[PDB]
Structure formats: C-alpha cells, structure tokens
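Colleague: Shown below is the structure under consideration.
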Amino acid sequence: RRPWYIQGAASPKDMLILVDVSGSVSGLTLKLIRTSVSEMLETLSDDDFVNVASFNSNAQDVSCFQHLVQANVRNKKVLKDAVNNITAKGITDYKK
Amino acid sequence: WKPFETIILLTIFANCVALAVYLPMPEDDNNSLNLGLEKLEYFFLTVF
Ligand SMILES: *[C@@H]1O[C@H](CO)[C@@H](O)[C@H](O)[C@H]1NC(C)=O
Ligand SMILES: [Ca+2]
C-alpha cells in the first residue's frame, strides 16, 4: 500500500465509492464502512479521482461536490469528515 | 356445520407461518417478504 508501489501497478482511475446506508447497516457494519472507506482513500495517487455517494431511498452525494474531485491530499480529507457522519435508516433500492 | 374445524384450523396454522418468516429489520428496512406479507396480513384480517 505504499505510494510507489501503487502507481507502478495500475493506471489512473475514475473511481466512485457507493455506501449503502439503509436500516440494514446500523451497528457493526456501520463502523466497518466508516473505517473501510477511510482505508480505501489512502490507496489513491494523485491521478485518481473519487466521489462518495450514499444510495438510499434516493441517491445523493454526501460530499459537497456533486461531481468528481481531483483527489489531492486535501480533497481526501474532506470526504473523511463526510464519511464519519453518516446516519443509517431507510430502504435499499440499488436502482436509483 | 362441522367443517369449521377443517377450515379455520388451517387459517391459524397458515397465519403463524406468516409470522415465522416475518423478518424484522432494525432501522426501518424491508426486504421484499415483509412488504408482501403486510398486504397478506390484510388477507388474514379479512377472514376473521
Ligand atoms: C456531520 O459532521 C461533520 C463534521 O463535524 C459536519 O461538517 C456536518 O455538518 C455534520 N452533519 C450533521 C447533520 O450533523
Ligand atoms: Ca438492506
């Protein structure tokens, strides 16, 4: 997982992380996703792009971005404060 | 008429199975089966 090993083993990535946030994920499966998203963003170089979109009843971007970021050091820090305040209730749909 | 033992015994025994596979979901979530059997709870209310 070290910066120099990842760029030499891949290409740039337009990545998009979707976090299921219905009622079925409160408890153990919440704290993991809060953790596992926060570990996923560290495998990015600075050609990679991300954006975090919970899907629920409706699908929104809990990020204040609405589109793809450049994923600096900085923009990865924005999303982690977004991830660490996600509530959990509603109905899964996967179609919206 | 005698056949009310024959009918309504199976009305209960079907209705307890309707409460068996009722799968509870914690923070207001329904899969599909809980959506359907809520409408099937109207069928059991219809009979009695
Ligand atoms: C969630 O926490 C973050 C970080 O403190 C904050 O920016 C955001 O406004 C919070 N949202 C709610 C609904 O409290
Ligand atoms: Ca679910």
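Chain labels follow the order of the structure tokens: the first chain is A, the next B, and so on; residue numbering restarts at 1 in every chain, and ligands are counted from 1 in their shown order.
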Report as a PyMOL selection string which protein, DNA and RNA residues come within 7 Å of ligand 1, using only C-alpha atoms and all ligand atoms.

Modeller: chain A and resi 81-82+84-85

Colleague: Write the residues of the preceding selection, restricted to C-alpha atoms, as a PDB file, in the first residue's frame.

Modeller:
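Saved result, again.pdb, follows:
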ATOM      1  CA  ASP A  81     -15.245  14.134   7.582  1.00  0.00           C
ATOM      2  CA  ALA A  82     -18.158  13.466   5.275  1.00  0.00           C
ATOM      3  CA  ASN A  84     -17.619   9.881   9.513  1.00  0.00           C
ATOM      4  CA  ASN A  85     -21.043  11.497   9.948  1.00  0.00           C
TER       5      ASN A  85
END

Colleague: Please give the complete set of residues from chain B that DSSP, run on the backbone, assigns to alpha helix (DSSP H), formatted as JSON, numbers by chain.

Modeller: {"B": [4, 5, 6, 7, 8, 9, 10, 11, 12, 13, 14, 15, 16, 17, 18, 19, 20, 33, 34, 35, 36, 37, 38, 39, 40, 41, 42, 43, 44, 45, 46, 47]}

Colleague: Output the neighbourhood of ligand 2 as JSON, numbers by chain, that is, all protein and nucleic acid residues with some atom at most 7 Å from the ligand, counting only C-alpha atoms and all ligand atoms.

Modeller: {"A": [22, 23, 24, 91, 92], "B": [29, 31]}

Colleague: Kindly provide, as number ranges by chain, the residues of chain B having any atom no farther than 6 Å from an atom of chain A, counting only C-alpha atoms.

Modeller: B: 26-29
